[PDB]
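Trainee: A single structure is presented below for examination.
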Amino acid sequence: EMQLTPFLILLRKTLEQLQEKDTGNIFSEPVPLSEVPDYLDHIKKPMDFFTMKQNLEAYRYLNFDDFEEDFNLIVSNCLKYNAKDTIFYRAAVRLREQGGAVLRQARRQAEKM
Ligand SMILES: CC(=O)c1c(C)[nH]c(-c2csc(N=C(N)N)n2)c1CCC(C)C
Numbered sequence: 627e628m629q630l631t632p633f634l635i636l637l638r639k640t641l642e643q644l645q646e647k648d649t650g651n652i653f654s655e656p657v658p659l660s661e662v663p664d665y666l667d668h669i670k671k672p673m674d675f676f677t678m679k680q681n682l683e684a685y686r687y688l689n690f691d692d693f694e695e696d697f698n699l700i701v702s703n704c705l706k707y708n709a710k711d712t713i714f715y716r717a718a719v720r721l722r723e724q725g726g727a728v729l730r731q732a733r734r735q736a737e738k739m
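Here the entry's author numbering runs 626 ahead of the position in the sequence shown, where the first position is 1.
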């Protein structure tokens, strides 16, 4: 229950804040399946911040939980695919932590709308 335009503005700002936490830009674009031929063997739904931006602009996120679910996929896919002793795995842990804080604040803003 709220106006659509301010909610989308909030999600755009939140998505920018989450991307800023991915300093290596390793989550900015889809995992290149040509370079990782086995990626889809066990990853059911790839996700990345560019796809999230597309989904946002296509009006596919109309509540906070659907936005947060796709962010959580970025994290969970990376934890699943990569071994614990890799930079990629630790980057996903760091994004989970830093992004979680961004998301809690953004949700508190939405609840005032
Ligand atoms: C495995 C994984 O989880 C990846 C995540 C989160 N991002 C990327 C990525 C984005 S862009 C790019 N570019 C090149 N040239 N590999 N790799 C990967 C695949 C990395 C390869 C080297 C195993």
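The beta carbon of each residue, even a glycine, is placed where N, CA and C say it ideally should be.
Report the three-state DSSP secondary structure of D667 (helix, strand or coil).
Mentor: Here residue 667 is taken as the residue at index 41 of the sequence shown, counted from 1. Note: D667 maps to helix in three-state DSSP.
Trainee: Pull every residue with its beta-carbon under 6 angstroms away from any heavy atom of ligand 1, and keep them in chain order.
Mentor: After applying the 6 angstroms Cβ criterion, the set is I652, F653, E655, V657, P658, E661, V662, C704, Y707, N708 and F714.
Trainee: Is DSSP giving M739 helix, strand or coil here?
Mentor: Your numbering for residue 739 matches position 113 in the sequence shown. Reduced to three states, the DSSP call for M739 is coil.
Trainee: Please classify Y685 as buried or exposed, where buried requires at least 16 other C-beta atoms within 10 Å of its C-beta.
Mentor: Counting from one through the sequence shown, the residue named residue 685 turns up at place 59. That one is exposed.
Trainee: Hey, is the region 675-682 in contact with the region 637-652, meaning 3+ C-beta pairs nearer than 8 angstroms?
Mentor: yes
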